[PDB]
Amino acid sequence: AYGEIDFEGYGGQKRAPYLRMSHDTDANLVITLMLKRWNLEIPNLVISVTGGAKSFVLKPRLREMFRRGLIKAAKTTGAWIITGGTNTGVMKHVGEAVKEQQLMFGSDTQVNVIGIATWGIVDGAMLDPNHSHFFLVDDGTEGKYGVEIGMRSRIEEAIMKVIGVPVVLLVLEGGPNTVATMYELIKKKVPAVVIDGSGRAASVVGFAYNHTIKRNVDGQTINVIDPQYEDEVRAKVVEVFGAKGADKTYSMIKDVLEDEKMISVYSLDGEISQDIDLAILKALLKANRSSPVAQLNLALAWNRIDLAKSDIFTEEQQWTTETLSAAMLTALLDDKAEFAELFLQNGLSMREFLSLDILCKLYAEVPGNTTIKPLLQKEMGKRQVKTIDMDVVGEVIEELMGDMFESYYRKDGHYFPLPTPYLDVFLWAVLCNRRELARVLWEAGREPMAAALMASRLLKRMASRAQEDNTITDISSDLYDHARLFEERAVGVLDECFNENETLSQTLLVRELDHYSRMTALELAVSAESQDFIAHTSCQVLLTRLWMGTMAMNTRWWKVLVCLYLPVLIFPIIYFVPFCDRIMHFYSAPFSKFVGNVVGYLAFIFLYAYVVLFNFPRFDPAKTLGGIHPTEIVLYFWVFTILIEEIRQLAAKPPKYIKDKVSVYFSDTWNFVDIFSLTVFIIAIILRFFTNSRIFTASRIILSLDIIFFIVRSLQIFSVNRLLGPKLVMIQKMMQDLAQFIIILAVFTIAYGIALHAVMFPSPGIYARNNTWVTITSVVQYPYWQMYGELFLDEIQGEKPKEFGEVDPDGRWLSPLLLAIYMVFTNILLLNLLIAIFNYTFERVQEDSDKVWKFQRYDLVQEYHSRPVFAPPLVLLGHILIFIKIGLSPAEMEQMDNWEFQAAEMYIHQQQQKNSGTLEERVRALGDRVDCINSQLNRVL
Ligand SMILES: Nc1ncnc2c1ncn2[C@@H]1O[C@H](COP(=O)(O)OP(=O)(O)OC[C@H]2O[C@@H](O)[C@H](O)[C@@H]2O)[C@@H](O)[C@H]1OP(=O)(O)O
Ligand SMILES: *[C@@H]1O[C@H](CO)[C@@H](O[C@@H]2O[C@H](CO)[C@@H](O)[C@H](O)[C@H]2NC(C)=O)[C@H](O)[C@H]1NC(C)=O
Ligand SMILES: [Ca+2]
């Protein structure tokens, strides 16, 4: 009789196979049956739980601690649990522990709970319906119990033969057959863990283990009972469990304790909050029979880093890449960053470990609560490929870096050993939003501040992506915190690089970073909008040397101006940091180009203002030159110069394709202001010539309103000043706030204006404004000007009937009431709310204004570094004369990488010294010292 029980509605769809057996059966047949016929996976652990069956008395805090610890030890490992097939005792509570942790839980949570029972008691006692497999071993009549014992010992012997699998024994609250199975498993060299202080037979063993420890023999130095307490343990074994025939179980409970490495005692009141899995791990590392990798992946499954450093990673047992590779895969995939660090620092290298298939697998088993799984799955949806590879990962990284980034998985043939294994496992750890794993993989790999700036860009752009998308879980606060963490890591590396040899810091911030799509550390810092990095002293003296191009870093603007239009007075009073060489080095400076742009642009604004304010006549073919004044021709020349300047800025973008040049060109809004003002000027000067009244009227109005947009373009000039620049950043963010609040202002303005114009001017009547346009513009207009305190009191109360209108007489008293309500709601309440929003914006910018000026100083340097090295009024002639990021040696790049890595090492060491020097870590280490003093005093006493 062999088959599969379907328990009648006792919890669980999955049925449980059973097998009638005998004790004559060798256990190799049983293990090949339960590994081939029943298809159980070979476990990393076999727990054998043993205790009482009928007379089972259990404590509630002990039963909850035991079942929580045993489920935590079995599910995190994937362990077999071997008990009896009995619906009562410790078997019932192990079965209920397995039952209550799987119903409405994860799908791949199935603990194979094997019940080895006797066929002579099933329907003695009923089989437990929460067990998974059943071994029903018998040889004779009913009531027999000893046929379970030997077969249960031999099956676990054969599990250790396939030692291979670390079988452990838990003993708690048992009786005579509990210590019988316990002794037969000790004979099979199964390490036992006894729960002392729990019950009637697991206390006695505890009361015979540490209370009566003694070594008084040769022959591997066994442990025996004390002669002082032999009377007490004999009274306890004859009274507590067992009435008659307790001599054989007393001899048995003595011969259990013969070997010190196979018995271990873990009580409840001794170590309360400590889980039973470390007790199992100490028993397995104490028996000294398991593989190093079996002990290793049990410590991985139980997150036991301290015992792994203590006894698994001893100096006498060395490690290799292939003997740590599966453990490293488990530590990476399950977010075990201290195990990952330990594996990297003992015997493992990412160059030998990480391959292409391991990395694609590493991006395959991302958990799902991260942003990177919806990003990769959306790229698979755009790709129509069922599997993951590095082309998908590289394209996710390209759209998640932005700014024409080119990921090296798309390019390099190794991604279709690896070139940079630390970098791409680091980028994996960053994309998975893993704090300590990305910290460990950042500390381990080269090019550290570029890696940290790229990580900050990835994390805050995933933060923007998860904030802007509803199909991605908003973990944006954790992502911005992680990005800020990598920002301060990059700043600290740059600070340690700047503390010695600032010249190497400047030559390190402008390098050829080939694994970052050939962009520098400054460009990785300004793409990531890392303001604390750009505000560092190294980046600012770099921007000041770039801003003063081969010219002394403190020459004032007036010397540049008087030597800018006088190239003969340039020789005495401009000093250089080392015919025409001094000329081209002076005009090459972006500060010279800046001062020339300021002066020529003030000249342009004055000429534009003379044209729009004083002389912009109509076009007529009667007089010469169409009547166009030659100041307007000089204005056409200089706006054509602005046009050719913006065409040169478009053509001089680092991409090669035209659409990518347009994408890089319209990244800043100043190019939007440029293209808008140029297009509106070209429309105005096309409409200039059509000699119609309305067309020329539109031409001059469009021109006289486009001077506003040229002056709006002139504010990047003001961004040169430390005071004025952040004020313009404030103006920009306040215009964003005003664009957000203008809908609420428009709703209350139009709501008041409709009622106001309805009560003043009722439309089917004699007080009606018989013009739809003056009605609509009154509804828009009069609340808006009344909002600024321009009360139309004499107008809206019926007086001034000429220029306002005949107000309805019943609307002459209701109009001040509506006006008063609108004034207290809009001038007082809404406008001061808008000013409060403006002040909140002011405080947010002013608390960071120094760093935001340092950041926009980069864009100021970039917009003048590319300008033509020519005259400030003749810069179109400079474009005519044109039309007609450093690279180091490979030895220099290697030395610069070594220097950057060593300064990162000093930074990481200083962070460890700050971490170990805090009050909490000092108190923690002092408590560990007090625990060592207590252990030493226990060894003395
Ligand atoms: N495996 C069993 N399943 C169900 N009942 C058992 C079992 N073994 C004995 N008993 C009974 O319970 C009474 C006392 O129960 P305990 O002493 O607490 O059970 P014990 O600790 O000796 O053995 C339990 C078995 O379950 C596992 O802990 C381990 O494999 C071990 O062989 C006995 O007079 C015996 O008397 P009775 O069958 O109820 O007339
Ligand atoms: C707007 O048009 C209406 C419609 O004709 C004018 O209402 C008339 O006004 C005259 C005297 O003002 C009355 O004798 C008529 O009886 C009115 N007709 C209706 C249908 O009410 C109104 O005067 C016009 N208002 C303006 C400002 O032009
Ligand atoms: Ca521009």
# chains A, B, ... in the order shown; residues from 1 in each chain; ligands from 1
>>> residues_around(residues="residue 395 (chain A)", least_positions_apart="3", cutoff="8 Å", atoms="only C-alpha atoms", output="PyMOL selection string")
chain A and resi 379+391-392+398-399+407+410
>>> closest_atom_pairs(of="chain A", to="ligand 2", cutoff="9 Å", atoms="only C-alpha atoms and all ligand atoms", output="JSON lines")
{"residue": "A:761", "atom": "CA", "partner": "ligand 2", "partner_atom_place_in_ligand_line": "27 (C)", "distance": 8.9}
{"residue": "A:763", "atom": "CA", "partner": "ligand 2", "partner_atom_place_in_ligand_line": "1 (C)", "distance": 7.8}
{"residue": "A:764", "atom": "CA", "partner": "ligand 2", "partner_atom_place_in_ligand_line": "21 (O)", "distance": 5.9}
{"residue": "A:765", "atom": "CA", "partner": "ligand 2", "partner_atom_place_in_ligand_line": "21 (O)", "distance": 3.7}
{"residue": "A:766", "atom": "CA", "partner": "ligand 2", "partner_atom_place_in_ligand_line": "22 (C)", "distance": 3.7}
{"residue": "A:767", "atom": "CA", "partner": "ligand 2", "partner_atom_place_in_ligand_line": "25 (N)", "distance": 5.5}
{"residue": "A:768", "atom": "CA", "partner": "ligand 2", "partner_atom_place_in_ligand_line": "25 (N)", "distance": 4.9}
{"residue": "A:769", "atom": "CA", "partner": "ligand 2", "partner_atom_place_in_ligand_line": "27 (C)", "distance": 5.0}
{"residue": "A:770", "atom": "CA", "partner": "ligand 2", "partner_atom_place_in_ligand_line": "1 (C)", "distance": 4.8}
{"residue": "A:771", "atom": "CA", "partner": "ligand 2", "partner_atom_place_in_ligand_line": "28 (O)", "distance": 8.5}
{"residue": "A:805", "atom": "CA", "partner": "ligand 2", "partner_atom_place_in_ligand_line": "27 (C)", "distance": 7.1}
{"residue": "A:806", "atom": "CA", "partner": "ligand 2", "partner_atom_place_in_ligand_line": "27 (C)", "distance": 7.0}
>>> write_last_selection(atoms="N, CA, C and O atoms", output="short mmCIF file (atom, residue, chain, number, x, y, z; two decimals), in the first residue's frame")
data_model
loop_
_atom_site.label_atom_id
_atom_site.label_comp_id
_atom_site.auth_asym_id
_atom_site.auth_seq_id
_atom_site.Cartn_x
_atom_site.Cartn_y
_atom_site.Cartn_z
N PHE A 761 -24.02 95.04 -16.43
CA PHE A 761 -24.50 95.16 -17.81
C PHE A 761 -25.31 93.92 -18.18
O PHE A 761 -24.78 92.98 -18.78
N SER A 763 -27.50 91.58 -20.36
CA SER A 763 -27.31 91.49 -21.81
C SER A 763 -28.58 91.59 -22.65
O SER A 763 -28.50 92.11 -23.78
N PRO A 764 -29.75 91.07 -22.24
CA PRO A 764 -30.93 91.49 -23.04
C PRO A 764 -31.62 92.72 -22.46
O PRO A 764 -32.69 92.64 -21.84
N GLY A 765 -31.03 93.89 -22.65
CA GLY A 765 -31.63 95.08 -22.08
C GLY A 765 -31.00 96.38 -22.53
O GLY A 765 -30.26 96.42 -23.51
N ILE A 766 -31.32 97.44 -21.79
CA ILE A 766 -30.88 98.78 -22.15
C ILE A 766 -29.51 99.13 -21.58
O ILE A 766 -28.88 100.09 -22.04
N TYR A 767 -29.02 98.38 -20.59
CA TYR A 767 -27.69 98.57 -20.06
C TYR A 767 -26.71 97.55 -20.61
O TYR A 767 -25.61 97.40 -20.09
N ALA A 768 -27.11 96.85 -21.67
CA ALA A 768 -26.28 95.82 -22.28
C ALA A 768 -25.15 96.45 -23.08
O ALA A 768 -25.37 97.39 -23.84
N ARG A 769 -23.95 95.92 -22.91
CA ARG A 769 -22.87 96.20 -23.85
C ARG A 769 -23.12 95.37 -25.09
O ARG A 769 -23.02 94.14 -25.05
N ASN A 770 -23.45 96.02 -26.20
CA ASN A 770 -23.81 95.30 -27.42
C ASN A 770 -22.59 95.00 -28.27
O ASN A 770 -22.51 95.29 -29.46
N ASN A 771 -21.61 94.38 -27.62
CA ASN A 771 -20.34 94.00 -28.24
C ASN A 771 -19.81 92.85 -27.41
O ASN A 771 -19.60 93.00 -26.21
N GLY A 805 -19.47 102.91 -19.10
CA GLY A 805 -20.76 102.47 -19.60
C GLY A 805 -21.86 102.75 -18.59
O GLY A 805 -21.62 102.97 -17.41
N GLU A 806 -23.09 102.76 -19.09
CA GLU A 806 -24.27 102.86 -18.24
C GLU A 806 -24.44 101.57 -17.45
O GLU A 806 -24.86 100.55 -18.00
#
>>> closest_atom_pairs(of="chain A", to="ligand 3", cutoff="6 Å", atoms="only C-alpha atoms and all ligand atoms", output="Markdown table")
| residue | atom | partner | partner_atom_place_in_ligand_line | distance |
| --- | --- | --- | --- | --- |
| A:646 | CA | ligand 3 | 1 (Ca) | 5.8 |
| A:670 | CA | ligand 3 | 1 (Ca) | 5.6 |
| A:671 | CA | ligand 3 | 1 (Ca) | 4.4 |
| A:674 | CA | ligand 3 | 1 (Ca) | 5.9 |
>>> residues_near_ligand(ligand="ligand 1", cutoff="10 Å", atoms="only C-alpha atoms and all ligand atoms", output="number ranges by chain")
A: 48-57, 82-91, 115-118, 121-122, 124-127, 142-150, 152-153, 170-182, 199-202, 241-242
>>> residues_around(residues="residue 16 (chain A)", least_positions_apart="2", cutoff="6 Å", atoms="only C-alpha atoms", output="JSON list (two decimals) with C-alpha atoms, in the first residue's frame")
[["chain", "number", "residue", "atom", "x", "y", "z"],
["A", 4, "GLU", "CA", -0.70, 9.71, -2.03],
["A", 5, "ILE", "CA", -3.06, 10.92, 0.70],
["A", 132, "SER", "CA", 4.51, 16.51, 2.77],
["A", 133, "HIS", "CA", 5.88, 12.95, 2.48]]
>>> residues_around(residues="residue 388 (chain A)", least_positions_apart="3", cutoff="9 Å", atoms="only C-alpha atoms", output="JSON, numbers by chain")
{"A": [360, 361, 363, 364, 376, 380, 385, 391, 392, 393]}
>>> select_by_dssp(residues="region 177-318 of chain A", states="alpha helix (DSSP H)", output="PyMOL selection string")
chain A and resi 177-187+202-209+230-239+246-256+276-287+292-302+305-307
>>> write_last_selection(atoms="C-alpha atoms", output="PDB file, in the first residue's frame")
ATOM      1  CA  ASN A 177      11.679   7.265  22.084  1.00  0.00           C
ATOM      2  CA  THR A 178      12.909  10.845  21.684  1.00  0.00           C
ATOM      3  CA  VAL A 179      16.175   9.992  23.418  1.00  0.00           C
ATOM      4  CA  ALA A 180      16.164   6.643  21.567  1.00  0.00           C
ATOM      5  CA  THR A 181      16.093   8.354  18.154  1.00  0.00           C
ATOM      6  CA  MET A 182      18.526  10.915  19.567  1.00  0.00           C
ATOM      7  CA  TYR A 183      21.044   8.220  20.504  1.00  0.00           C
ATOM      8  CA  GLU A 184      20.612   6.365  17.208  1.00  0.00           C
ATOM      9  CA  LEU A 185      21.273   9.597  15.294  1.00  0.00           C
ATOM     10  CA  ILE A 186      24.332  10.339  17.466  1.00  0.00           C
ATOM     11  CA  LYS A 187      25.543   6.860  16.472  1.00  0.00           C
ATOM     12  CA  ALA A 202      15.322  17.835  26.684  1.00  0.00           C
ATOM     13  CA  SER A 203      16.071  19.436  30.047  1.00  0.00           C
ATOM     14  CA  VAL A 204      17.654  16.299  31.536  1.00  0.00           C
ATOM     15  CA  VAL A 205      20.180  16.140  28.680  1.00  0.00           C
ATOM     16  CA  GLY A 206      20.806  19.832  29.286  1.00  0.00           C
ATOM     17  CA  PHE A 207      21.042  19.085  32.999  1.00  0.00           C
ATOM     18  CA  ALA A 208      23.602  16.426  32.113  1.00  0.00           C
ATOM     19  CA  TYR A 209      25.516  18.489  29.541  1.00  0.00           C
ATOM     20  CA  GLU A 230      24.820  11.044  39.333  1.00  0.00           C
ATOM     21  CA  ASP A 231      22.281  10.448  42.126  1.00  0.00           C
ATOM     22  CA  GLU A 232      20.373  13.595  41.147  1.00  0.00           C
ATOM     23  CA  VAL A 233      20.320  12.796  37.429  1.00  0.00           C
ATOM     24  CA  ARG A 234      19.300   9.206  38.234  1.00  0.00           C
ATOM     25  CA  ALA A 235      16.418  10.505  40.361  1.00  0.00           C
ATOM     26  CA  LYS A 236      15.479  12.921  37.572  1.00  0.00           C
ATOM     27  CA  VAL A 237      15.594  10.209  34.896  1.00  0.00           C
ATOM     28  CA  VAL A 238      13.586   7.810  37.098  1.00  0.00           C
ATOM     29  CA  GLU A 239      10.916  10.348  38.128  1.00  0.00           C
ATOM     30  CA  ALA A 246      14.859   3.707  33.361  1.00  0.00           C
ATOM     31  CA  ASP A 247      18.313   2.098  33.608  1.00  0.00           C
ATOM     32  CA  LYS A 248      18.541   1.564  29.845  1.00  0.00           C
ATOM     33  CA  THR A 249      17.464   5.126  29.058  1.00  0.00           C
ATOM     34  CA  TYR A 250      19.921   6.390  31.683  1.00  0.00           C
ATOM     35  CA  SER A 251      22.747   4.437  30.023  1.00  0.00           C
ATOM     36  CA  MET A 252      21.432   5.777  26.711  1.00  0.00           C
ATOM     37  CA  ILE A 253      21.314   9.392  27.915  1.00  0.00           C
ATOM     38  CA  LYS A 254      24.881   9.017  29.191  1.00  0.00           C
ATOM     39  CA  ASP A 255      26.167   7.488  25.944  1.00  0.00           C
ATOM     40  CA  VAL A 256      24.590  10.355  23.984  1.00  0.00           C
ATOM     41  CA  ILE A 276      17.697  28.521  16.464  1.00  0.00           C
ATOM     42  CA  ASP A 277      19.448  28.703  13.083  1.00  0.00           C
ATOM     43  CA  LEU A 278      22.715  29.958  14.559  1.00  0.00           C
ATOM     44  CA  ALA A 279      22.504  27.068  17.043  1.00  0.00           C
ATOM     45  CA  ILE A 280      22.131  24.689  14.086  1.00  0.00           C
ATOM     46  CA  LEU A 281      25.035  26.392  12.296  1.00  0.00           C
ATOM     47  CA  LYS A 282      27.238  26.141  15.392  1.00  0.00           C
ATOM     48  CA  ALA A 283      26.352  22.442  15.695  1.00  0.00           C
ATOM     49  CA  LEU A 284      27.272  21.828  12.051  1.00  0.00           C
ATOM     50  CA  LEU A 285      30.520  23.813  12.312  1.00  0.00           C
ATOM     51  CA  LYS A 286      31.210  22.019  15.612  1.00  0.00           C
ATOM     52  CA  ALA A 287      30.728  18.494  14.239  1.00  0.00           C
ATOM     53  CA  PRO A 292      33.147  24.408   3.458  1.00  0.00           C
ATOM     54  CA  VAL A 293      30.622  25.432   0.797  1.00  0.00           C
ATOM     55  CA  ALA A 294      27.756  23.735   2.674  1.00  0.00           C
ATOM     56  CA  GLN A 295      28.606  25.644   5.854  1.00  0.00           C
ATOM     57  CA  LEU A 296      29.100  28.702   3.647  1.00  0.00           C
ATOM     58  CA  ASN A 297      25.711  28.682   1.964  1.00  0.00           C
ATOM     59  CA  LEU A 298      23.978  27.864   5.246  1.00  0.00           C
ATOM     60  CA  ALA A 299      25.624  31.007   6.652  1.00  0.00           C
ATOM     61  CA  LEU A 300      24.457  32.812   3.497  1.00  0.00           C
ATOM     62  CA  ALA A 301      20.889  31.569   3.942  1.00  0.00           C
ATOM     63  CA  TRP A 302      20.903  32.579   7.615  1.00  0.00           C
ATOM     64  CA  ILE A 305      28.343  36.944   8.867  1.00  0.00           C
ATOM     65  CA  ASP A 306      30.108  36.794  12.254  1.00  0.00           C
ATOM     66  CA  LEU A 307      30.356  33.002  12.513  1.00  0.00           C
TER      67      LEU A 307
END
